[PDB]
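Quick setup: the structure tokens below cover two forms of a single protein chain, split into structure 1 and structure 2.
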Structure 1
């Protein structure tokens, strides 16, 4: 029985925690996962203080080659906007990318602003001031979210840009997805971006968003999968799944990655990391789905297995899978 440690992205933590629990019950293996944010996950795997790092923001082929890392996707989730708006219920407010960007830019300051009202004809929005909440830590959710905003709001694109950390024009900082959820829960008028599971498990209200094709879509496991249907995984695992075309494609969708060293110094550890994840691909789909994460098509899993065989080796050139 082995003891494994991973660290990183909080975006898929509920599901990694769930698979780890079940895995130990079935095999005795212990996987300790520390949700410290994607930036910390990358730092940690590079520093070698953990068996695997976890990041929602992919590293480029060159950065991977430079650090001797291999990257592979696990599940598909979505970022949603949790809101604390008195009198409104979950899923009732619709926002589009442009407006969402203006809220984050500080341009829109009240919930009954004309821009919001026009996207929500039937709604009676309070004249409550918006309290924007964002991540205090280096985050893959920030990356994904800013990647989205830069595509739909030109001003965001030009003044703040994209990144795990950016100069936020406004807002209170929350540490981790947990942090943002707690903030939104206690602040009337709050809006923060969290991975979907965090909104659901905390009973937070969330909004619908307008798809790239222009229709209001609700964030669901199936709508995350829908945004991923046209991804050409055979070309690369680092797919940009934000603002994708298609029927019911959630606009802020993202897969998330596991990073491991290609030249395993502790071959025994590396072998157990791959079994853990191979086990998760073969039997963990129902747990992912229970938490509203969409699974990767079997074809992508076979591609990952094929890449593990050609890329992960011990110091003697022997493959670990």
Structure 2
């Protein structure tokens, strides 16, 4: 009976809890998970009050090196644009990065706006006014979305930038992916970024987006993984998956991180933690896929394995994997 306990990000709480349940059936081992938020994830691990911490945004190599930690990504998420356009069927409209930053900056007011029209040829675009809905409460999705726009729009980067809360130029602010969709459903012409999972079993209509390499892409679990496929990875792990170059890569992808110390004062634990996550990197895939999370491509699973082999050592120099 290994008794593990973690704390952190709420994003993957449902899949970690799924993976956990299934790992006990099989091992009788138990991974408790405190869905407390990314901040407490890092605060608890550094405090050495839990076996592992979990956070959405990756810590810098400097700060990892200072607290004595290592990050490894487990699952991949995705943010889509929920739209309310009269007539338009889900996945029909294709957007741009510049064009999208322009909608969010207020430079674009009508859906039948030329700029959107040249991106959608056989489309009866309406003379409907665009309604922007950004996130009310400070959040990692806003952090992720502004990261996206900051790369693709020269203006947004220079006047509002990126973070969990920014100086939004326009648009209503809704609380949680709840607040956004709800308004979006409630208002014709509305547009609000939302997690792909929430959008999906709540039948939010979404858009395709133009990939960093041109080709328009639909958000699917496959295309979220492709973004990760496109990151260097080797010596960093703190990767941003937005506007990732490659083929069929959903331009707005995110992953979440697990934080464990390198020197294990209780190596009983470290070992037992690495195991749970290895079992998930194998058997746990489908459990995650069916909760709308993309799995981590194998090239990257392979790179964490090596990195484990050379980083988590017990109190006396012996590797734990």
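Residue numbers count along the first chain shown, from 1. Note that the rigid core is defined as the largest set of C-alphas that superpose within 1.5 Å between two forms.
K.L.:
Overlay on the rigid core first, then point out the one of 236, 165, 129, 159 whose CA is displaced 2 Å or more between structures 1 and 2.
P.N.:
Once the cores are aligned, the residue moving by 2 Å or more is 236.
K.L.:
Superposing on the rigid core, I want to see if residue 223 changes position between structures 1 and 2 - specifically a Cα shift of 2 Å or more.
P.N.:
No, shifts by less than 2 Å.
K.L.:
If we fit on the core, is the Cα of residue 120 displaced 2 Å or more between structures 1 and 2?
P.N.:
No, its C-alpha moves less than 2 Å.
K.L.:
For a quick test of reading the superposition: does residue 273 move by 2 Å or more at the CA between structures 1 and 2, rigid core aligned?
P.N.:
Yes, the C-alpha moves 2 Å or more.
K.L.:
Keeping the rigid core superposed, can you check how far the CA atom of residue 292 moves between structures 1 and 2, in angstrom?
P.N.:
C-alpha displacement of residue 292 between structures 1 and 2: 2.1 Å.
K.L.:
With the two forms matched on the core, what distance in Å separates the two CA positions of residue 34 between structures 1 and 2?
P.N.:
Here residue 34 registers a C-alpha shift of 9.3 Å.
K.L.:
What is the Cα shift of residue 199 between structures 1 and 2 once the core is superposed, in angstrom?
P.N.:
In the core superposition between structures 1 and 2, the C-alpha of residue 199 moves 1.1 Å.
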